[PDB]
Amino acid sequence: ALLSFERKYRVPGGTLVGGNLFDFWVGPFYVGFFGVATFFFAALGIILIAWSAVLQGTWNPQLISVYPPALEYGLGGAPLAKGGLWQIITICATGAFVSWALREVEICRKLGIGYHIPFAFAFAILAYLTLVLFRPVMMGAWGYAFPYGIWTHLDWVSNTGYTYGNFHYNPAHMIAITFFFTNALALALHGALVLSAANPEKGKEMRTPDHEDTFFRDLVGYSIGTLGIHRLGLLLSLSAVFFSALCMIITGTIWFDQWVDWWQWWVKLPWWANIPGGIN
């Protein structure tokens, strides 16, 4: 079925591969070549997850956990039950995420819009490959990647974090957090502002964007604008994910001590490093 205004947009063209072979829809979903690719990687990835569940001996989704190979395996291949499945599943996931992005690009072309959406989705992919590929490779073993399990992958975060004391002191980790917090702050303010204008007090007529500007100037003395906030939110969210990959690619590769030690270059400067008193 279509939306009332959808038909005029369902024209042929815009594909990158296969011409008009896969240029059609299944219900709402647009297929395309990379839609077939996505379905293929996805289906194969899930099969291997189900397969790992059989080898594990449980079908409870909260216990299934596909572990990577042991550190002793380095960056070589491992048998399916000893980490090979994690390796193949990782390949599938990567193929699915990428295919999903290229499918979005085909949709951008057929609608004549920009490519901002798949470009932003690539940041998320980057962060995934940072944890499962870039960082393990730089450290010399797939075992450093995280396990595919609902709860076992949280323990990996806790184990990996506490290997370096309190991960909070990772300076790149602070910056990323700041963008995540600031982002949710900006997202709440933006949604509230549009709704407050489109849904004014009772007995009031719908507000204008000038009211939005005026509200935020009255509140904090500056309005970024209807275009600037969407730019801002795109940049707060991508920057949050950027410094997240950054704060991990450096951990265990160029930094090995506890992250609180990284802050000693400020404490211990030979001039004030000896002045008695204070915390230090």
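Note that residue numbering begins at 1 and tracks the sequence as displayed.
Look at the C-alpha B-factors of 69-77 and of 103-111. On average they run higher in 69-77. According to the PDB record, 147-155 carries the higher mean C-alpha B-factor of the two stretches 147-155 and 205-213. As recorded in the PDB entry, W86 shows the highest C-alpha B-factor of the residues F123, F180, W86, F97. Of the candidates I254, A43, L219, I224, it is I254 whose Cα B-factor is highest according to the PDB record. Ranked by Cα temperature factor within the chain, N60 sits in the highest third according to the deposited record.
Sort the chain's modelled residues by C-alpha temperature factor and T90 lands in the middle third, per the entry. Residue-level temperature factors show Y9 in the lowest third of its chain, judged at the C-alpha atom. The PDB entry assigns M139 a C-alpha temperature factor belonging to the highest third of its chain's modelled residues. In this PDB entry, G165 carries a Cα temperature factor that places it within the highest third of its chain's modelled residues.
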